[PDB]
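Undergrad: Below is the structure I would like to discuss, written out as structure tokens.
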Amino acid sequence: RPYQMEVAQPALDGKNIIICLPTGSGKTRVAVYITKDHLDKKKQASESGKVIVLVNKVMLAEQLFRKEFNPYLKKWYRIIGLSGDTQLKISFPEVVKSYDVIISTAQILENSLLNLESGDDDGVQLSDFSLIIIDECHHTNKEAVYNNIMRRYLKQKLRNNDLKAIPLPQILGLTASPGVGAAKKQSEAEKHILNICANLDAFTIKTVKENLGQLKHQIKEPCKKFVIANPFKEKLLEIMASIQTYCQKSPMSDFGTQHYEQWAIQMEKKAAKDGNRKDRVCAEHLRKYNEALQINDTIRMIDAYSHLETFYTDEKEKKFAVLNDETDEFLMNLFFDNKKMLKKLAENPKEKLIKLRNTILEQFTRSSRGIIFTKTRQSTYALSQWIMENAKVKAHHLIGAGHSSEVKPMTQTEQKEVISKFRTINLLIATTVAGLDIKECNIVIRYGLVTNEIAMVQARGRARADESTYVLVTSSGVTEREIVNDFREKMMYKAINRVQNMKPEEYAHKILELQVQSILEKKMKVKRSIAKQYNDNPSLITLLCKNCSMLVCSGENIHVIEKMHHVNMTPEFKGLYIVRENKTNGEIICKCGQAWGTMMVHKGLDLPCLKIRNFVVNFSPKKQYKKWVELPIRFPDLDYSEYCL
RNA sequence: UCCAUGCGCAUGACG
RNA sequence: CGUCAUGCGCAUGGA
Ligand SMILES: [Zn+2]
């Protein structure tokens with residue numbers, strides 16, 4: 001392509017660069033062009049032609065292995081589409097020793113490199129290659145993993161320069177808008193761009209200026225648009241005030257925010273440091289009440305009632321299964337005295353939801369397509385069920401994959417499923433997952449959201465088909481945030497055009513400085529990291545429960561499996577804990593009712609594994625970490641010769 | 001295909 | 001530095 005021609009042109013001979021273009025301009029295709037010409041150059045030179053294409057995500061890897069690299073190189077060259085989940089019969093160093101072209105994923109590579117410079121399995125170095133290709137360069141700032149790679153590259157380049165010579169590979173680099181970082185200033189942005197380049201050790205950026213018109217003919221752009229707009233709550237607030245007085249809790253802030261939550265968690269910390277009740281227990285309950293609040297700010301109040309209903313339901317189930325004090329008695333009765341009545345209040349009408357329904361219905365009377373963003377998963381589920389109740393345009397939710405923070409997440413397969421159904425669902429409900437292959441779209445809304453400029457442009461790329469209906473529902477400073485996204489998009493060109501028109505000498509000087517700076521930063525960080533974990537004590541401690549400061553385990557009685565998990569056999573421990581299971585790894589609970597861990601099935605054994613998240617330490621410098629890795633002191637791996645017979 | 005777990009990473013808001 | 005929310009990758013064991 002013509003616009004692609006010049007931007008590719010320098011890379012054809014040396015010229016480790018960056019490229020940045022907008023959505024839809026087929027950057028994969030030009031990348032293929034550079035590949036084929038490079039490999040043909042190596043056939044002309046009879047040199048080791050190798051390309052080790054990198055990404056951040058598996059799905060783009062599979063996508064390109066289907067659609068882009070094979071259909072243009074299926075004949076000439078060897079290709080393979082790699083991942084961490086796709087079980088490959090062979091290790092990585094062989095697909096280095098074969099398969100001249102590689103689609104891949106990042107941390108596979110770094111793992112092989114570590115195995116190189118740390119023993120185990122046959123390693124690999126960068127010197128085996130002649131070229132590297134990247135997508136989404138903008139992640140190359142804050143030691144994100146595909147930046148260890150270039151720090152190694154920079155280390156070896158400076159070894160070459162102190163020599164000045166073992167060779168090193170050409171380095172392409174692609175991206176959308178390259179992102180700007182922590183800026184209200186042009187100088188900071190410029191410095192950021194230079195940090196990015198020197199983390200890639202590139203030469204220029206080389207964007208498109210000549211043929212912007214033939215390209216503009218392709219990209220129909222969206223229209224930047226804004227479309228913007230008790231008593232049940234107050235009863236709950238009065239309950240909260242009652243509880244504050246009940247245990248002398250000083251908020252130092254208002255109800256319905258994050259600050260209140262933060263102070264509650266700090267009370268939980270202090271009271272575990274004390275081992276005292278009525279203090280952290282209230283922190284937990286008020287954390288729950290504040291959840292209910294700041295969903296009530298945005299969600300139908302029935303959903304908060306259901307949230308806390310299931311909560312206290314589980315609480316009663318815990319305590320009864322335990323039995324099968326005044327504090328929990330007060331709290332439970334305080335809830336259940338108002339439970340049914342608040343259920344009654346929840347049905348009453350009287351919002352963001354109302355303007356929202358209005359906009360939505362008006363578009364679907366205008367138009368077919370539908371996209372929704374927001375912050376959280378529970379919001380997606382709740383609004384999905386709610387619109388399923390409200391008289392309608394079928395719908396479906398979407399969320400990510402992490403098994404974190406409340407929910408049973410979804411599946412990659414099922415994500416693909418729902419996306420194809422949308423290629424048929426009318427309106428999707430998603431968290432920040434949806435920069436992906438969803439085009440020909442109208443009404444990407446932002447219901448109670450914030451995003452950054454790069455997320456903004458990735459959302460732009462998804463709304464197409466000659467119809468943009470950017471909508472925003474948060475007012476009754478968020479309009480500020482689209483305005484600053486525009487401002488940053490202006491600033492980025494303002495800085496790129498300043499650095500393109502820059503001397504090569506001073507350019508090289510600044511980039512060398514930033515390279516040395518980042519390398520020394522990594523070195524000092526590794527120093528402090530090695531200094532970090534040095535204790536490795538067998539048994540120095542006693543693990544106690546956190547509601548009740550009762551002894552639970554000792555320092556030596558613990559053992560390790562899978563070099564991941566911890567366990568306490570020695571059924572003197574078994575005199576303590578209680579089991580539960582409802583809906584196949586059953587859960588443990590306390591002699592009070594605290595939840596502790598899981599009965600993990602391992603090699604026939606029902607080992608009781610516990611999570612440090614729900615226990616407290618006594619070396620009494622009481623401490624708490626939430627993660628074993630925080631704790632330097634080491635425990636042994638298990639020897640089954642104990643359990644025999 | 002599903003389950004559970006550990007680890008690292010970035011983003012945004014907040015202090 | 002911590003908190004929250006969100007998203008991503010890798011490595012495990014099992015069905
Ligand atoms: Zn207890």
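With ideal geometry, Cβ positions are generated from the backbone for all residues, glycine too; neighbour counts draw on all protein chains shown. The values are calculated or read from the model by the stated rules, or taken from the named source; no laboratory instrument gave them.
Undergrad: Do any residues in region A:578-603 that are small (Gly, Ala, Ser) have Cβ atoms under 8 Å from those of residues that are in a strand (DSSP E or B) and within 16 Å of RNA strand C (Cβ to nearest atom), where the two are at least six apart or on different chains, and which pairs are they?
TA: A:586/A:598; A:586/A:599; A:595/A:587; A:597/A:587; A:597/A:608; A:597/A:609
Undergrad: Only residues that are surrounded by 20 or more Cβ atoms within 10 Å (Cβ to Cβ), within 16 Å of RNA strand C (Cβ to nearest atom) and hydroxyl-bearing (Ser, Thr, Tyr): list them for region A:429-483, please.
TA: Correct list: A:447 only.
Undergrad: Listed residues A:539, A:549, A:529; which is of a type in the set (S, T, N, Q) and assigned to a helix (DSSP H, G or I)?
TA: A:529
Undergrad: Here is a further query. Which of the residues belonging to region A:579-600 are near RNA strand C (Cβ under 10 Å from one of its atoms) and surrounded by 15 or more Cβ atoms within 10 Å (Cβ to Cβ)?
TA: A:600 - this is the single residue of region A:579-600 that is near RNA strand C (Cβ under 10 Å from one of its atoms) and surrounded by 15 or more Cβ atoms within 10 Å (Cβ to Cβ).
Undergrad: Restricting attention to region A:580-591, does a residue exist that is within 10 Å of the ligand (Cβ to nearest atom), part of a loop (DSSP other than H, G, I, E, B) and assigned by CATH to the domain that holds residue A:560? Quick ask: steps written out before the conclusion?
TA: The first filter runs over region A:580-591 and keeps only residues within 10 Å of the ligand (Cβ to nearest atom), leaving A:589-591.
Filter once more, so that each one left must be part of a loop (DSSP other than H, G, I, E, B): A:590-591.
In the following step, the residues that additionally are assigned by CATH to the domain that holds residue A:560 were identified as A:590-591.
The answer is yes, given that some residue of region A:580-591 is within 10 Å of the ligand (Cβ to nearest atom), part of a loop (DSSP other than H, G, I, E, B) and assigned by CATH to the domain that holds residue A:560.
Undergrad: Continuing with the same structure: Hey, any hits in region A:180-203 for a residue that's crowded, with 18+ Cβ neighbours inside 10 Å, charged (D, E, K, R) and away from the ligand (no atom under 16 Å from the Cβ)?
TA: Within region A:180-203 (the criterion being crowded, with 18+ Cβ neighbours inside 10 Å, charged (D, E, K, R) and away from the ligand (no atom under 16 Å from the Cβ)), the answer is yes, since at least one residue qualifies.
Undergrad: While we're here: Return the residue satisfying two criteria in turn: it lies in region A:601-617 and is hydrophobic (A, V, I, L, M, F, W, C), crowded, with 18+ Cβ neighbours inside 10 Å and part of a strand (DSSP E or B), and of such residues it is farthest from RNA strand C (Cβ to nearest atom). So that I can check it myself, show each step before the final result.
TA: From region A:601-617, those hydrophobic (A, V, I, L, M, F, W, C) are A:601, A:605, A:607, A:609-610, A:612, A:615-617; that's our starting set.
With the extra rule that they be crowded, with 18+ Cβ neighbours inside 10 Å, the set shrinks to A:607, A:609-610, A:612, A:615-617.
Subset that is part of a strand (DSSP E or B): A:607, A:609-610, A:616-617.
Details: A:607: 10, A:609: 11, A:610: 17, A:616: 14, A:617: 15 Å.
The selected residue is A:610.
Undergrad: Something else: Evaluate the following for residue A:601: is it within 16 Å of the ligand (Cβ to nearest atom) and of a type in the set (A, V, I, L, M, F, W, C)? Let's see the steps before the verdict.
TA: Numbers: within 16 Å of the ligand (Cβ to nearest atom): no; of a type in the set (A, V, I, L, M, F, W, C): yes.
Taking the combined requirement at face value, the residue does not satisfy it.
Undergrad: Does residue A:551 satisfy the criteria of being more than 20 Å from residue A:319 (Cβ to Cβ) and either more than 14 Å from RNA strand C (Cβ to nearest atom) or surrounded by 13 or more Cβ atoms within 10 Å (Cβ to Cβ) (or both)?
TA: Yes: the conditions hold for residue A:551.
Undergrad: I would also like to ask the following. Can you pull out every residue in region A:27-59 that is closer than 25 Å to residue A:215 by Cβ and under 27 Å from the mean Cα position of the chain (by Cα)?
TA: A:27, A:28, A:53, A:55
Residues are listed down the side, and each one gets a yes or a no for (1) away from RNA strand B (no atom under 16 Å from the Cβ); (2) assigned to a helix (DSSP H, G or I); (3) within 25 Å of residue A:64 (Cβ to Cβ):
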residue: A:375; (1), (2), (3): no, no, no
residue: A:380; (1), (2), (3): yes, yes, no
residue: A:386; (1), (2), (3): yes, yes, no
residue: A:391; (1), (2), (3): yes, no, no
residue: A:410; (1), (2), (3): no, no, yes
residue: A:440; (1), (2), (3): yes, no, yes
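Undergrad: From the list A:587, A:581, A:572, pick out the single residue that is out of contact with any strand residue (DSSP E or B) (no Cβ under 9 Å at 6 or more places or on another chain) and not hydroxyl-bearing (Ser, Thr, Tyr).
TA: Of the residues listed, the single one that is out of contact with any strand residue (DSSP E or B) (no Cβ under 9 Å at 6 or more places or on another chain) and not hydroxyl-bearing (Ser, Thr, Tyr) is A:572.
Undergrad: List every residue pair whose Cβ atoms lie under 7 Å apart, where the two residues are 6 or more positions apart in sequence or sit on different chains, the first residue falls within region A:178-202 and is within 16 Å of RNA strand B (Cβ to nearest atom), and the second residue, located anywhere, is assigned to a helix (DSSP H, G or I) and of a type in the set (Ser, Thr, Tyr).
TA: Pairs that qualify, where the first residue is within 16 Å of RNA strand B (Cβ to nearest atom) and the partner is assigned to a helix (DSSP H, G or I) and of a type in the set (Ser, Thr, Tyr), are A:199/A:518.
Undergrad: List, please: which pairs have Cβ atoms under 9 Å, are six or more places apart or on different chains, and start with a residue in region A:3-32 that is in the same structural domain as residue A:134 (by CATH) and loosely packed, with under 14 Cβ neighbours inside 10 Å and end with one that is of a type in the set (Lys, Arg) and not in a loop (DSSP other than H, G, I, E, B)?
TA: Every condition considered, the pairs that remain are A:12/A:41; A:13/A:41.
Undergrad: Quick check on residue A:506: is it more than 16 Å from RNA strand C (Cβ to nearest atom) and more than 30 Å from residue A:322 (Cα to Cα)?
TA: Values: more than 16 Å from RNA strand C (Cβ to nearest atom): yes; more than 30 Å from residue A:322 (Cα to Cα): yes.
So residue A:506 fits the description; yes.
Undergrad: Is it the case that region A:314-322 has a residue that's β-branched (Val, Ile, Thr) and assigned by CATH to the domain that holds residue A:295?
TA: Start the filter on region A:314-322 by keeping residues that are β-branched (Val, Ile, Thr), which leaves A:322.
Among the residues that remain, those that are also assigned by CATH to the domain that holds residue A:295 are: A:322.
Within region A:314-322, one or more residues are β-branched (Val, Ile, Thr) and assigned by CATH to the domain that holds residue A:295.
Undergrad: Next up: If only one of A:270, A:319, A:343 is touching a helix residue (DSSP H, G or I) at 6+ places or on another chain (Cβ under 7 Å) and surrounded by fewer than 17 Cβ atoms within 10 Å (Cβ to Cβ), which one is it? Write out each step before concluding.
TA: Numbers: A:270 fails: touching a helix residue (DSSP H, G or I) at 6+ places or on another chain (Cβ under 7 Å); A:319 fails: touching a helix residue (DSSP H, G or I) at 6+ places or on another chain (Cβ under 7 Å).
Answer to the selection: A:343.
Undergrad: Can you name the condition, by its number, that residue A:223 falls short on among (1) in a loop (DSSP other than H, G, I, E, B); (2) under 34 Å from the mean Cα position of the chain (by Cα); (3) over 30 Å from residue A:353 (Cβ atoms); (4) not polar (S, T, N, Q)?
TA: The number of the failed condition is (3).
Undergrad: Now a separate question. If we scan region A:346-353, do we find a residue that is in contact with a strand residue (DSSP E or B) (Cβ under 7 Å, 6 or more places away or on another chain), closer than 30 Å to residue A:471 by Cβ and charged (D, E, K, R)? Let's see the steps before the verdict.
TA: From region A:346-353, those in contact with a strand residue (DSSP E or B) (Cβ under 7 Å, 6 or more places away or on another chain) are A:352; that's our starting set.
So of that shortlist, the ones also closer than 30 Å to residue A:471 by Cβ come out as A:352.
Narrowing the set further to residues that are charged (D, E, K, R) leaves A:352.
Yes, region A:346-353 contains at least one residue that is in contact with a strand residue (DSSP E or B) (Cβ under 7 Å, 6 or more places away or on another chain), closer than 30 Å to residue A:471 by Cβ and charged (D, E, K, R).
Undergrad: Would you confirm, using the coordinates I've provided, whether residue A:401 is within 16 Å of RNA strand B (Cβ to nearest atom), small (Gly, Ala, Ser) and touching a strand residue (DSSP E or B) at 6+ places or on another chain (Cβ under 9 Å)? Please lay out each step first, then the result.
TA: Details: within 16 Å of RNA strand B (Cβ to nearest atom): yes; small (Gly, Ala, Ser): yes; touching a strand residue (DSSP E or B) at 6+ places or on another chain (Cβ under 9 Å): no.
So residue A:401 fails the test.
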